Structures are given as structure tokens and as C-alpha cells.
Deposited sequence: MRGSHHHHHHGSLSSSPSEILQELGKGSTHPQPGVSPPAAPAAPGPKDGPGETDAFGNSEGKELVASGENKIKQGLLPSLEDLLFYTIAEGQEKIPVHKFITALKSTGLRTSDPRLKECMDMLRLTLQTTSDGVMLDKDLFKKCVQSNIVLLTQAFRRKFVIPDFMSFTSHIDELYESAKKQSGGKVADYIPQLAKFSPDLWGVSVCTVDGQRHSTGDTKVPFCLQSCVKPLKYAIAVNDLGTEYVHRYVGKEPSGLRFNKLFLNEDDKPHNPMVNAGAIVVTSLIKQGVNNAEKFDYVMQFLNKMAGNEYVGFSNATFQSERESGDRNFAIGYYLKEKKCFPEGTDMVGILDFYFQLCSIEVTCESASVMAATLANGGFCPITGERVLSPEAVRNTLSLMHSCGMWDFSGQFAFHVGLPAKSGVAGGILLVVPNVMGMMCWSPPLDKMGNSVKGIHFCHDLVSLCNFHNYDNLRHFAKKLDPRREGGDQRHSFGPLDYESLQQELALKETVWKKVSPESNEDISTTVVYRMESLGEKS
């Protein structure tokens, strides 16, 4: 049987399995024992760890693993999207140390976004739940403009493409507005403000904010999502260009009717002050990598149409004035924000979040931007890499 042919894969003709030897075997998969998809099995494990280490014969094991048996077998039969995760991890680690020596860039100074220039984190979450982090991946920071795809996805998920693009375009710019008196795309302030004005119309901005927070919670598999009121208050006083954009959008009747523009700006600053870590945000990115299903809970969070549209606009409009150079050389949908995050999606493989506060002169984190170039020079993750003929690039999706 299934649990019986996973007991001998782990027990090497060796009668009973110590608990530490199943847990390391599991963690070697890249899964984390805190995975929400393994709770009942770790529940049954801290349950029988109270009948005091401990060692499991073939029926105590089966009593623990049957409830999660298929997820555990895909894990141990090297059937996950990256079969040799431990080797992949060391490459990610090599990449991390190589970006750490890049000291260019100036921390964002206009608010409050003066962190230390030494912070640098990278987190990975594959579409199968495999996790790895290195550096400062548990330090909270605000999403800033990396929330623009997340809220655009929510708007399309709830209302559909054709309604959303009555109000915002789908192409890069160079004006705020294009020739249809629509903002160019939802990845820029003029576009994201309009998108902010379509989410949950007909409810106050406090209930609106709760809905987006519940939505982001699903997207992160309930990992860390918070709010920084210091950044919200300080975004509010420094948002002169955003008020200019707000009034211009109102004068050009860009919003759906019944909108209170000044309130939408307040809501918009709020969404920009939402806090994440690199671990929690990399999971948000993996939901986008995984067709709308959160990879560590298995629930459908976004329509496949929402995810596709968002991945498309991140590809073409995601990195400010660097997005064309970025699309050419990196070939991955990505979104940078001014706190220094780069939300990065490798479709069908993984999502990631790099964070280092020092920005370059187009507003992208120097260390994150360096990491993304290096990552695609190593692995055939570029969108128009070939999955079969890829020269001397490494491919983490196949065996030895």
C-alpha cells in the first residue's frame, strides 16, 4: 500500500524510524514542518510524542502519514517541481552572496523608508511548497508598488478583464493618460489609483481595506501580512504628485461613478503601507506562479484570468523605466517597490521576493536587480529560454 511503500523508502530495512530521521528527511524535501498541508500529520506527531525520543513502527507511522500520504509521497519520490531542492538551494545561496557585494544605490529618502542599507533577503517558494530563505527574510517592510499587481489581480478576479480595462489600459507608456483618456496600465500610480477605485465599490474604505487584507492573507497562506501606519501617515503628507494625479483623473472623469477621489487616495496610500516579509511575500508570488492556487494551502485564491493578466502587465510594465531592458535580459514578470522589494514570478516553477532597500536611479533595488540577472544567467528560467536546448545553463526541473 501507499503508506507501506513509503515506510520502507524511509526505513532502510531498519525496523523502526526515529522521529528526527523522518523530520530531516522531510525538511530535505524543502517542505517545512509548519506547512498548513501537513498539519494533521504533525498534529498526529506531537500527539504520539506525548506518549513518551520516540520511534515509529509501520503502524504508528501509517497512523501519522495516511492523512497527508499523497503530498508526502510526491515529496519523497522526488516528484516536486524542483526534485533536487537541496542542490538548488546552494545555487540560490551562491547567488545571494554574489549580490551582497554590490553596494551601489541610495536608500529611499523622501519619507518612513530610511532603513539600513545592509539589509538583504531572498526567499523562494516553489509551486509545490518547497521553501528556502537566506539573509533578512523575516524583517517586515512595506510593499509600496509591489502591491499594484496584487490589487489589480483582486479587481480582475472579482469583476473580469473587460470591466477593469474600461478604466485602465494594458500597455507601457513612454502624461498619466493615453489616447483613450485611460491610465496607461495598472502598474503605475495613475493606473493603480483607478484600480484602487474599483475594488469593492459600495462599501466604506475600512471594510474595503479588510477585504483586501483577507485577500492578501489567502495569497500568503496566512503568513505575515501587516500594516505600517508610520508609512501611511508619511505617504499621506508627501503625496503631492499623487494628489495631482487624483485631481487630473477626476477632471478627466476616469473613475467609475460614485467615487470619492480624495478617499480613494487615502485607501491607495494604505494599500502601499501594507507590510510583508520576504518569506510571506515569496508565497504571494508563488500563488501567481501557480495559476491562482496558493502552493502551501492548495486553495484557489485568484482566477486563472486574473493571474495571466497580472503576469502580463508585470512582464511589460513592472520595473518602471527599466522594464524593457528587464524584459529582454531577465524575461520574468516582476514588480519592484520603493522600500526595495522585487516581487518575482517564474511561471510554473516558483515565486520569490528579494529585499534590499538601496535603490538605483530608476527606483529598483540594486541588489535585487543584480540577483535577477544572475539567476537567469544560471538557470533556463527566462521566458524564451527553451526547455530542451539551453546551452550551458542549468535546469533545476530535471534529475542529475
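**Student:** Quickly check which stretches of the deposited sequence aren't in the model, judged by C-alpha, and list them in order.
**Tutor:** Missing CA coords at 1-78, 131-132, 192-193, 257-261, 488-539.
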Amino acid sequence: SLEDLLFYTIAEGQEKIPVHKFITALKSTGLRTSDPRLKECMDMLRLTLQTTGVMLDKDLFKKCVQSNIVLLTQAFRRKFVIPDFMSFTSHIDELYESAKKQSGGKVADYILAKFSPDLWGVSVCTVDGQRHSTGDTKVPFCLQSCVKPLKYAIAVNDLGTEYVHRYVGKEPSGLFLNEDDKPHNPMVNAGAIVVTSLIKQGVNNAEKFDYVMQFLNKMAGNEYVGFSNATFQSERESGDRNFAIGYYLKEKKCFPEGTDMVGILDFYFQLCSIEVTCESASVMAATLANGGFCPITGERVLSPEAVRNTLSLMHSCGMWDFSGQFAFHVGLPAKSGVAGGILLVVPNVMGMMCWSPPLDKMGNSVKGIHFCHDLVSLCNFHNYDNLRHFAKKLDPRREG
From here on, numbers count along this sequence of modelled residues.
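**Student:** Highest mean C-alpha temperature factor of the two stretches 240-248 and 99-107, which is it?
**Tutor:** Looking at the recorded C-alpha B-factors, 99-107 comes out higher on average.
**Student:** Looking only at CA atoms, which has the higher mean B factor in the entry: 196-204 or 260-268?
**Tutor:** Averaged over C-alpha atoms, the B-factors run higher in 196-204.
**Student:** Of the choices 304, 129, 160, 117, which one's C-alpha carries the largest B-factor in the record?
**Tutor:** Highest C-alpha B-factor among the listed options: 117.
**Student:** Among 86, 284, 112, 225, single out the one with the highest C-alpha B factor in the record, please.
**Tutor:** Result of the comparison over 86, 284, 112, 225: 112.
**Student:** When the deposited Cα B-factors of this chain's modelled residues are ordered and cut into thirds, is residue 22 in the lowest, the middle or the highest one?
**Tutor:** For residue 22, the deposited C-alpha B-factor lands in the highest third.
**Student:** Comparing against every modelled residue in the chain, figure out the third that the C-alpha B-factor of residue 31 lands in (lowest, middle or highest).
**Tutor:** For residue 31, whose C-alpha B-factor we compare with every modelled residue in the chain, the answer is the lowest third.
**Student:** Can you work out whether the C-alpha temperature factor of residue 387 puts it in the lowest, middle or highest third of the chain?
**Tutor:** Its C-alpha B-factor belongs to the middle third of this chain's values.
**Student:** Comparing against every modelled residue in the chain, figure out the third that the C-alpha B-factor of residue 190 lands in (lowest, middle or highest).
**Tutor:** It belongs to the lowest third of the chain when residues are ordered by C-alpha B-factor.
**Student:** Once the chain's modelled residues are ordered by C-alpha B factor and cut into thirds, is residue 364 in the lowest, middle or highest one?
**Tutor:** Ranked within chain, residue 364 CA B lands in the middle tercile.
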